[PDB]
């Protein structure tokens, strides 16, 4: 059997079916994830010179799922797909400007993006720091205007909180707001549905650093590595604990085999 036949014989072993988006009973709205099939031409070209089959040199064509995140009814997203070897980094930003430049340097050093959920009043009062985030090519989301408990707010107040914040973000950053996150994780269905009326998904998380309690950096780091999993969304703030731990955290996440990125990248159906 020549090399081409050897690659053919291994094709089904490396095939993966696409996985559909769905609303999990516990984790709620979950994106789909592409499958893959062996690309015969690219794989052969990768193994031609050494004349031997090596699964590390396989290349693939991707296969899209049939049900997508945007097909689902309005529902919060806690996680990326549980088979996608990627973690999403998120930072809720309404204070702590003194750590923002260093956090952006750490992200640049690792060539990773994070989603910064911005409070509307913070943006209004700190336009130059909001621009600093987007000039670093980071993406921004909506974290309400004044950080209320949105579960107990009237429908009117929810709508006003979301709309005021989008108007403020879009003027400071010139980017479209795709993602909203409720302050303190407090919400009800009406919050998710109103956010959907503004073309925003609602983004919760699966791993909370609890960095606002000022944990020792190695305690924060060990908490994250213990709880992390494929598709995890990590919640941080601009704090000394996060700033002192973030560099090693990203290194250790990559050493574990995880891609690291922002929410848009995490929820993408493309394979890692």
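Residue numbers count along the first chain shown, from 1.
Selected stretch [higher average CA B-factor]: 92-100 or 140-148: The entry gives the higher C-alpha B-factor average to 92-100.
Mean temperature factor over C-alpha atoms, higher-scoring stretch between 169-177 and 125-133: Comparing 169-177 with 125-133, the higher mean C-alpha B-factor belongs to 169-177.
Criterion, highest CA B-factor; candidates, 34, 30, 206, 241: Each of 34, 30, 206, 241 was compared by C-alpha B-factor; the highest is 241.
Selection from 68, 237, 214, 229 [criterion: highest C-alpha temperature factor in the record]: So the option with the highest C-alpha B-factor is 214.
Chain third (lowest, middle, highest) by recorded CA B-factor, residue given as residue 197: For residue 197, the deposited C-alpha B-factor lands in the highest third.
Chain thirds of CA B-factor: placement of residue 233: Lowest third - that is where residue 233 ends up once the chain's C-alpha B-factors are sorted.
Residue 267, C-alpha B-factor rank within chain (lowest, middle or highest third): Lowest third - that is where residue 267 ends up once the chain's C-alpha B-factors are sorted.
Third assignment of residue 157 from its chain's C-alpha B-factors: As the PDB entry reports it, the C-alpha B-factor of residue 157 lands in the highest third of its chain.
B-factor third for the C-alpha atom of residue 13 within its chain: CA B-factor rank for residue 13: middle third.
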